[PDB]
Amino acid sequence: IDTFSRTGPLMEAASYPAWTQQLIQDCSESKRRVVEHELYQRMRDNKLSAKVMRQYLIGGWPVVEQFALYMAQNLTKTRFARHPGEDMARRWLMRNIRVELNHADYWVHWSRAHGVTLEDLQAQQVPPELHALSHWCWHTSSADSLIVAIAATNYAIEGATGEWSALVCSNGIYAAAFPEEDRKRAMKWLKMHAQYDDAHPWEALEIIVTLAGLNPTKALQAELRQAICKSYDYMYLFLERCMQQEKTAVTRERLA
């Protein structure tokens, strides 16, 4: 039968099959170097240059803006009661498209708190390293099977985002640095992803496991692993590019 039904708690890796725990293990270094990135330890501490913060906010906009579109494209692949896990996916995507309703507006507000306008977001004047993640996300959402594109997006990106957003919010410095009257509106995107988002990536994982079952082929497993690590590696490419600019910007001002 090969059919998966979770018994243990949603949030624990041990509630899933061995192949799923292996997938988590094989992806863990790719994830760690994003979710512990120096860029985020700096952001947490209010250290980032104006130039880099602006690049970060412009750069990350398209994935945010397009996020419910990735989901829409995956929902479009589904057919009612056709395969195990496919109904769960369809329902989940229908619920979670709505959960994204205001998230783009919250990014616009975060951005504005750093002097980045809607016009600047739309203009997308940032280096190409910063756009690669959105292109990959559209590509897999458009062309890959649902299970792979959900893994790339709702598992990989959302999971990483919950963790880096929490790191940014973890010691109160970044938030206290905003004036009080501006803070709630500026911090809203981060608080929504740092606090409220815990179960989401695990719900996506459970769907992916239900789709794949207890014994997926090695090839399917490799496809999931590669798609997940692609998402993490594009986040890492974006962060590395930002830090190279940070190092330049800060150096110029030390020497001046």
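Throughout, we count residues from 1 along the sequence that is shown.
- With 187-195 and 222-230 compared on mean CA B-factor from the PDB entry, the stretch scoring higher is 187-195.
- According to the PDB record, 200-208 carries the higher mean C-alpha B-factor of the two stretches 63-71 and 200-208.
- Remark: of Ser165, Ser134, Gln122, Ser145, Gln122 shows the highest value [criterion: C-alpha B-factor in the PDB entry].
- Within the selection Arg98, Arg79, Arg91, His103, the deposited Cα B-factor values reach their highest point at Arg79.
- Ranked within its chain, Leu10 lands in the highest third, by CA B factor from the PDB record.
- Among all modelled residues in this chain, the alpha-carbon of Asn154 has a temperature factor (C-alpha) in the lowest third.
- Ranked by C-alpha B-factor against the other modelled residues of its chain, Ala176 falls in the middle third.
- Annotation for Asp26: C-alpha temperature factor in the lowest third relative to the rest of the modelled chain, per the entry.
- Ranked by Cα temperature factor within the chain, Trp19 sits in the middle third according to the deposited record.
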